[PDB]
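Quick setup: one chain, the form deposited in one PDB entry, written in structure tokens, and binding and motion questions come after.
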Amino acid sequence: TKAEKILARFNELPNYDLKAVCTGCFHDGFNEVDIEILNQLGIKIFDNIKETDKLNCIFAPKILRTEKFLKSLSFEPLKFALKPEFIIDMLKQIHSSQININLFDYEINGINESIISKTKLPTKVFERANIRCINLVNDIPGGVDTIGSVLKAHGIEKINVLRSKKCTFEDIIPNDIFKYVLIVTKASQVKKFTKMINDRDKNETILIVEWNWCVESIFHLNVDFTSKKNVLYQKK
């Protein structure tokens, strides 16, 4: 309606083909007209992530530890990671002919071409890393449900949640290299799991890490097993 009018002034409207979510921006959302204008430029911003929407883009001010940002690094592929100013400056321009904006002026820092291009690979970061099944303490910040959803988007097949305190060796699943992989928060957890596994499956390989180990692996789309950062314990 009012949008057709605004856009009618334009001749060669680009189709950007962006199927995006946003994080840490656009907190006011968009009015009906801006959504229609965007649609015309082939831009849609989805409120939630759905596999069927074939998302290929994230808007964010910077690298953020959010569920959406982390998952965006599992898009197939991730086409662009852009600052919200791209949308803001484009709309302001249209609201005043032709659109001249350089999409490449708005790339998020630290999300470089080498990383983005890893999303074109046939594998996910944890599949490449041979971490198929993982154990996750249930006391983990953010809630076990969101952590697991992120880890599964990034190639982990089985997320086993361990009851804090209550658990025994039988509750632990192996990884089908490290036979046992655990994500913990407390150093008393590290000792408890080391004892338990050496008692019940002695001489088996173990990797115990904290959440930041995964997060950093995602941010780089590579697990560097030679690194000692965020590794709490390992037996190989």
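One rule holds for the numbers: they count along the sequence shown, beginning at 1.
Counting the unmodelled positions of the deposited sequence between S96 and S97 gives a gap of 4 to 9 residues.
According to the record, no deposited residue between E170 and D171 is left without atomic coordinates. Look at the mean CA B-factor for 125-133 and for 141-149 in the entry; the higher one is 141-149.
The mean Cα B-factor in the deposited entry runs higher for 161-169 than for the other of 161-169 and 79-87.
Sort the chain's modelled residues by C-alpha temperature factor and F219 lands in the lowest third, per the entry.
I156: CA B factor in the lowest third of modelled residues in this chain (values from the PDB entry). Residue-level temperature factors show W213 in the lowest third of its chain, judged at the C-alpha atom. In the PDB entry, a CA B factor belonging to the highest third of its chain's modelled residues is recorded for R9. Sort the chain's modelled residues by C-alpha temperature factor and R65 lands in the middle third, per the entry.
There is also a form deposited with a partner chain bound; it is not shown, and the following applies to it.
Using a 4.5 Å cut-off to the partner chain in the deposited bound form, not one of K50, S74 and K158 places a heavy atom inside that distance.
Note on contacts: among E204, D171, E67, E36, the single residue with a heavy atom within 4.5 Å of the partner chain in the deposited bound form is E67.
In the deposited bound form, the partner chain sits beyond 4.5 Å of every heavy atom of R200. The closest non-hydrogen atom of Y180 lies beyond 4.5 Å of the partner chain in the deposited bound form.
The partner chain is not shown here, and in the deposited bound form it never comes within 4.5 Å of any heavy atom of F193.
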